[PDB]
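Comments concern the structure below.
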Ligand SMILES: NC(=O)c1ccc[n+]([C@@H]2O[C@H](COP(=O)([O-])OP(=O)(O)OC[C@H]3O[C@@H](n4cnc5c(N)ncnc54)[C@H](OP(=O)(O)O)[C@@H]3O)[C@@H](O)[C@H]2O)c1
Ligand SMILES: COc1ccc2cc([C@@H](C)C(=O)O)ccc2c1
């Protein structure tokens, strides 16, 4: 299934997450992105930060060359990293991501984070960063442009700026049953901005940012009980939850079985009572909980 964005392009509602930590060889991203596309994923989420755009791009070009898909069938996202917020650095950074992937355009280019870093924090008017993003859409470098990790206030700042040409099409944010972003999702729906959920399966629990004492989302007893009722798995319940909320959902897996499993989210439905039960789990838990974000002047979870 796809969703129609506010600029008239379409986004597949289930996306493949490609981040793996540096202990995973870079060659894995090539293999698993091919597996994802063979499984039926058509939306692939990457970023300059992930140090994998060469491999993810090759995987996409590999699947086109062999006839499985056409370029126009794939929705490829990359993200502008926080050391490149100054407007003069935006287009060169996007052109670098395109060169690494060996693609002519990205379907989606996002501001990865509102928290600017020296080109150690920076201060940058994100409205000027946005104006540079609009120019990248105009140039045809990106079909669509959006943001990531923005709160309501930061999103309004873009929506209210004088002479705005393009609204962000989405806001890709941490979102799952323990931090379900209900109020932000309502705001996004009011503005025809799609919410894209990352860490929808509870994150990779990487020690750099996630406390290992935090509860493990896929062990949640309500999710396990719904998995048992539907004869599915807790991951599938958590992905289907987002789709029935009107949220576009990413899922990372580097495991061949689980990659193929995750596309089963299209094969069943949760009832109103099941959705109410999952909505009940919300507990303001963001897994990314680190001094490196929390001390930033533009930390999104300040509101
Ligand atoms: N915009 C941002 O700032 C931002 C931040 C974080 C993430 N993201 C994007 O969102 C993507 C997804 O988020 P994420 O990487 O935190 O991971 P996730 O999608 O929350 O996945 C968490 C863990 O779930 C496991 N998993 C996947 N399918 C499963 C299944 N069917 N059953 C049981 N376990 C399963 C995976 O382990 P295996 O690999 O072992 O299957 C994965 O490591 C990222 O890869 C990246 O593309 C963006
Ligand atoms: C709250 O704000 C943020 C900002 C950037 C983030 C970047 C990542 C990277 C590692 C990613 O895209 O995977 C994760 C969490 C993040 C949270």
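Chain A is numbered as in Swiss-Prot; shown residues: 6-124, 138-321, in order.
Looking at the header, which is where the method is noted, we find X-ray crystallography, 1.9 Å.
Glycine is treated like the rest: Cβ placed from N, Cα and C.
Quick look at what Swiss-Prot lists:
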ACT_SITE  55  active site, proton donor
BINDING   23-24, 50, 166-167, 190, 216-222, 270-272, 276-280  NADP(+) binding site
BINDING   117  substrate binding site
SITE      54  site 'Important for substrate specificity'
SITE      84  site 'Lowers pKa of active site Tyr'
SITE      227  site 'Involved in ligand recognition and product release'
SITE      306  site 'Involved in ligand recognition and product release'
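Here the recorded positions are 84, 117, 278; the one with the fewest Cβ atoms within 10 Å of its Cβ is 278. Comparing residue 219 (NADP(+) binding site) with residue 84 (site 'Lowers pKa of active site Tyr'), their Cα atoms are 21 Å apart once rounded.
With a cut-off of 8 Å between CB atoms and residues at least 6 apart in sequence, the same chain places 84, 86, 117 near residue 54 (site 'Important for substrate specificity'), listed in sequence order. Between the CA atoms of residue 23 (NADP(+) binding site) and residue 227 (site 'Involved in ligand recognition and product release') there is a gap of 18 Å.
Residue 306 (site 'Involved in ligand recognition and product release') and residue 278 (NADP(+) binding site) are 27 Å apart (CA-CA, integer value). With a cut-off of under 6 Å between the Cβ and any atom of ligand 2, the recorded positions 272, 278, 306 reduce to 306. Cβ neighbours of residue 216 (NADP(+) binding site) (same chain, under 8 Å, six or more residues apart in sequence): 22, 50, 166, 190, 191, 192, 193, 268. Once the 13 residues left out of the deposited model between residue 124 and residue 138 are set aside, the two flanking Cα atoms are found 10 Å apart. Recorded residues the residue listed as 'active site, proton donor' and residue 272 (NADP(+) binding site) have their alpha carbons 14 Å apart, per Cα-Cα distance. Listed recorded positions: 54, 55, 227, 278, 306. Those with a CB atom under 6 Å from ligand 1: none. In this structure the C-alpha atoms belonging to residue 306 (site 'Involved in ligand recognition and product release') and residue 222 (NADP(+) binding site) are separated by 10 Å. On a Cα basis, residue 272 (NADP(+) binding site) lies 20 Å away from residue 227 (site 'Involved in ligand recognition and product release').
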